[PDB]
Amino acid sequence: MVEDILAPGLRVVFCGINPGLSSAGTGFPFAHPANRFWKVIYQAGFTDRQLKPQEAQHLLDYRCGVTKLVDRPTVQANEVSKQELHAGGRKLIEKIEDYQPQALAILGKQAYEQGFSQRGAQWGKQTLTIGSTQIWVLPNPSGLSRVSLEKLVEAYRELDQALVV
């Protein structure tokens, strides 16, 4: 089971689909080394160095948080049904209303569409909001995605650059 890393006053709360099998085993988000998450948020500008998975609690220091749509561990995101995703979206919303981050970043177009029941969503900022929290759809950092690191970083940086101050 991977614990949520949330708090009030965060700039961004990163939300993945569900934990992979090693993250599930280690108790840290995006724990598998094949996963680009830590490198991407570092290069995108959210952290000053590439944090190791086990340093995850320190994301709060950079006013960043991490959660997931579906708790149930699974090897591939596609093993998660639309029903679970939709159920997750409902709970995610409560978490957002609770902590009220400046932005919620959903990692995966399909994940966003399923969890929020949206059609033909485009990458980037959405018009949809949760109170004062704006919503973005960023490429999932999995090594299974064919989206390159360069593309991953750019997508994430665009988000960083938009949250001023």
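Start at 1 with the first residue shown and count on from there.
In none of the other PDB entries of this protein that model the residues around it does residue 78 lack coordinates, well short of a third. Between 63-71 and 116-124, the higher mean Cα B-factor belongs to 116-124. Comparing the deposited coordinates for 106-114 and 36-44, the stretch with the larger average C-alpha B-factor is 106-114. Highest C-alpha temperature factor among 143, 16, 9, 25 per the entry: 25. Per-chain ranking of the deposited C-alpha B factor places residue 4 in the lowest third. Sorting the modelled residues of the chain by their CA temperature factor places residue 153 in the middle third.
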